[PDB]
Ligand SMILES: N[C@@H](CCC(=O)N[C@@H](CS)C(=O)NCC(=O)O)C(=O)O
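Just the one chain here, the form deposited without ligand GSH, laid out as structure tokens.
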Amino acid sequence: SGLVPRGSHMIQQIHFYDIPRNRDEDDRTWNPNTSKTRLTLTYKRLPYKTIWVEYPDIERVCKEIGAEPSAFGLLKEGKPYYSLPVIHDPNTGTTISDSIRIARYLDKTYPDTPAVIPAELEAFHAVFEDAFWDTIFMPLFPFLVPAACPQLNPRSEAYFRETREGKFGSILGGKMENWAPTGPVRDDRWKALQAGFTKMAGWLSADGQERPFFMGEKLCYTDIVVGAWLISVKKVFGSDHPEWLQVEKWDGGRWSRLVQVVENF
């Protein structure tokens, strides 16, 4: 046999860096920000593999593989902040951090996949992230963060508790157990979360219709962001948790429907 192999030109698995929790492999993913990138990859039907990184190791892994910090000063007033998601794409040798920069890279590098963040979305999506921070993220924080924290592996649980209580504990009542304890405090915070999702639903129905996605019939990155936060809540709380089952009935079922979309990527 004078036969030898010729190289394949199939797209190689992108290296996707994700934060595990204390579960077996198939239920290990949970994080809302890394879910943005995982959903972008699967929507584009790009191949990937997951490398698990615990919270206290993220900076050293990022420096090892050449990922830039995602911002400067979220925890330390004068120090860069390294976060996941990160991808290293061996097809090009490029490492990218921050889910928006990853989305742009994937649009640019794989133009035959469905585009997620065209230039005409960039400013309005930036507006959305700031509106979302105030009307969803901050009301959701006292729910998602205390639920996820004890699910983490011990090294991540300690880091996550210390940094998140360190950041927002003082305006949520102290330690996580006092942020939304079952009873009137949780109920008051729950009403605020429900009100935020209804305000966001109101954005989507502003024209008196019920478009499925912000642009109309076509999904884009900002739908993926909303879907990533919802998938995180569902994965952390559990699909039969009564509080998740309430969310499924919020705003005419709009968030159930979006979850069904992104789950079927």
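One-based numbering along the sequence shown.
The same protein also exists as the form solved in complex with ligand GSH; that form is not shown, yet it is the one meant from here on.
Contact with ligand GSH in the bound PDB entry, judged by any heavy atom within 4.5 Å, is made by just one of 58, 231, 39, 219: 58. Scanning 110, 190, 81, 128 against ligand GSH in the bound PDB entry with a 4.5 Å heavy atom cut-off leaves one residue, 81. Contact with ligand GSH, judged by heavy atoms within 4.5 Å in the bound PDB entry, is confined among 91-99, 116-124, 150-158, 178-186 to 91-99. Taking the partner from the other structure, ligand GSH in the bound PDB entry has no heavy atom within 4.5 Å of any heavy atom of residue 50. In the bound PDB entry, at least one heavy atom of residue 75 sits within 4.5 Å of ligand GSH. Within 4.5 Å of any heavy atom of ligand GSH in the bound PDB entry lies no heavy atom of residue 146. Taking the partner from elsewhere, residue 85 is found to have a heavy atom lying within 4.5 Å of ligand GSH in the bound PDB entry.
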